[PDB]
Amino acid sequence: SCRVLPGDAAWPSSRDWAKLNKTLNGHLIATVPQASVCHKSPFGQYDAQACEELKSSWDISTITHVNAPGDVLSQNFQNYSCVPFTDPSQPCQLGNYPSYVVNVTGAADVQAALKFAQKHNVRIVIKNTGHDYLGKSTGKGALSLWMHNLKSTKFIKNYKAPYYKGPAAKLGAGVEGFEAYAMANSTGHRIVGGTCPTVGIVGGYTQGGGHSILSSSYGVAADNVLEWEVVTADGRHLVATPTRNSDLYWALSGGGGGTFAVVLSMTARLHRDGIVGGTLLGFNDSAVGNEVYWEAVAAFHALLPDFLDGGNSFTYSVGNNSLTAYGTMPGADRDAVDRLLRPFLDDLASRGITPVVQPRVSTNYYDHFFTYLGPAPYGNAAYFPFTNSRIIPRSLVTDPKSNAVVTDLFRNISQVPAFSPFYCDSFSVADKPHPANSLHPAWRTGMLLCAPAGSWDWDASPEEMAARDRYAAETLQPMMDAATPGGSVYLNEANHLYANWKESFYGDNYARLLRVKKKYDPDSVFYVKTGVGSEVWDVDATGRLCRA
């Protein structure tokens, strides 16, 4: 009826766990949260010096945190169970963290863990980096398939398929953005990946869609997938391609992580590298007042279409008084950058704004990326646990009427100090060749992906963070939704309590996604919150998974 929890009569004995540990060649880990050094029981590992080092970067996406077996990055899902900022005498508890972690070395480890979990009625969790904003990579009382260490990279000079011919990279499931970029750069190529360097490229990133500053040139991450190597729920080690287990390939390419199969690697398109044009472009209200500022943002938005259609992108911060943008202009030299920027600069000029404009040309993509989103290799990307999103259709922006509503939404969010400023990315991803995939159609009509993100506050109460959580899901996200009809919520950047997840994340694709889910996982061994087919499991008050 329900998944077993620590404390249950039916929880596996330590002998059961040892027997799994043997099968796994010693690769079972009992979860000990990284902040156990900040507490006294039950791990008896208290260390004030090490506790203090954890504090200064805890709210950053760091390699240190990503390297922990059972930790996730979300302060909200940590949920004060074993964190560096509570009383030392407060017991270091697992809470939402999995009980045991399978340190996966290949297909056999997964097959073993799946057999064990199915024999013993244990919840499977899948964790790669722990970046998930929706907690989809933790679970109380769970055995976790920890994919972080599957780091193999393989350059394929001449991938040969009817629908793709050219360079490709086969990447293990734990390969992170910075690893993918180092690997692609060394061969004279670019790969489509996230702006946050520590993000797992093969994980929930590509599986859930995956936007990039390179998307205007090469589509979303999932568009660039050639092959998925997987283990299915019943333990079959398979390869999914457009011409083999194609329905699984379709679901995995934009249908979301952690529900269809356990991914061991992906093979993806590489693209020839070269000169990359870049800029800082910033403007504020200090000379024109706030009203002209918001009209200038409205106009900046309206001016994107031709810039994006030329293969370029803007990633930018929208504040209450200033906008700061970083431009990505692949293959553009300095004269080309200038011509590309001239419409935006003329618009600001006509509105009495003196922008901050800092154009450059990088030799390669890697250099461009880490100039703007560094430092290399890990970056410095803050973790905001109340991340929401809207994919905003081009047609909304290009009509002044509907664009006014878009602008008015951004003004409203700018008044909410925990959610301001916020980042947007801009892209054109229609009419590029890619295989059939399950990527939400709003991506094709979309021009903006904006992520209003609420920071965590270690001085605030738990009740205040819980209130911020409910605010994001039931007030801020629906306000965003209503202001942008025909758009959608990016499944990777949403709140776990957001009520309209099914329609907004998946849309009309959902029936077919559900058919694929029932084909490859008929017993629903894979569960993630807001995942395809997740409505099979209820989460009770204590956090136990029970069959709906």
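The numbering used is simple: start at 1 and walk along the sequence shown.
- The PDB entry records a higher mean C-alpha B factor for 172-180 than for its counterpart among 172-180 and 248-256.
- Look at the mean CA B-factor for 328-336 and for 262-270 in the entry; the higher one is 328-336.
- Of the candidates 503, 53, 493, 481, the deposited coordinates give 53 the top C-alpha B factor.
- Each of 186, 138, 76, 224 has a CA temperature factor in the record; the biggest one is found at 186.
- Annotation for residue 104: C-alpha temperature factor in the middle third relative to the rest of the modelled chain, per the entry.
- Per-chain ranking of the deposited C-alpha B factor places residue 530 in the lowest third.
- Ranked against the other modelled residues of its chain, the C-alpha B-factor of residue 512 as given in the entry falls in the lowest third.
- Residue-level temperature factors show residue 401 in the highest third of its chain, judged at the C-alpha atom.
- Compared with the other modelled residues of the chain, the Cα B-factor recorded for residue 457 ranks in the lowest third.
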